[PDB]
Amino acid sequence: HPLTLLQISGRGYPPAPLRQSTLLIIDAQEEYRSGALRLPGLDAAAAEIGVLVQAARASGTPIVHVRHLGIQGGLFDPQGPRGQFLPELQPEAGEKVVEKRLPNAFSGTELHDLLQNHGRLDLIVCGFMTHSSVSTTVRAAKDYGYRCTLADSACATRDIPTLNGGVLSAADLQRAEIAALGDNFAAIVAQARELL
């Protein structure tokens, strides 16, 4: 059984419990339910993020919400229904919203400053899509020295094209991108309840 690079280098870390982490929810937006990027596993993932949000709000764990700012008439249009939060994952009680324009939630934003104000090294990162904004933000978090913990069940993606007319299933892309992050960028658990 192959070891992770984290294990080989001695720089690995256990999955962080929610109660000692900052919860970072990435792009829980209506585009993934009724827009151009309807994710087949959205409801299952949103249910798992809700389990984390409920436990975090009950314990006073910090929650940061990332929203993608699309363009007029495009994906995640902020003037349109597709740009809004999924109703079940709206911010409450002044939980901060970070508006981003690139897959990297740190890039051109106040995210770094906000996570520093909370003072927790451990980030629990969840949301969409696993292979783009989530993976990119997790990879960028390593450069600042954060530990990232992900639950596989709390992120989701879609089918994407491969070379020569092929298709890569959402489930195969998810498995690969979660394994890649587990290799050198994060601690991975299967389910949200493992972090409670």
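Residue positions are given as counts along the sequence shown, with the first one as 1.
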Selected stretch [higher average CA B-factor]: 12-20 or 172-180: 12-20
Selected stretch [higher average CA B-factor]: 104-112 or 77-85: 77-85
Highest recorded Cα temperature factor - choice among 45, 151, 69, 148: 69
Ranked C-alpha temperature factor of residue 33 among modelled chain residues, by third: middle
Ranked against its chain, the third holding the CA B-factor of residue 165: highest
Within-chain third of residue 57 by Cα B-factor, per the entry: middle
Third of the chain's Cα B-factor distribution that residue 40 belongs to, per the entry: highest
Ranked against its chain, the third holding the CA B-factor of residue 93: highest
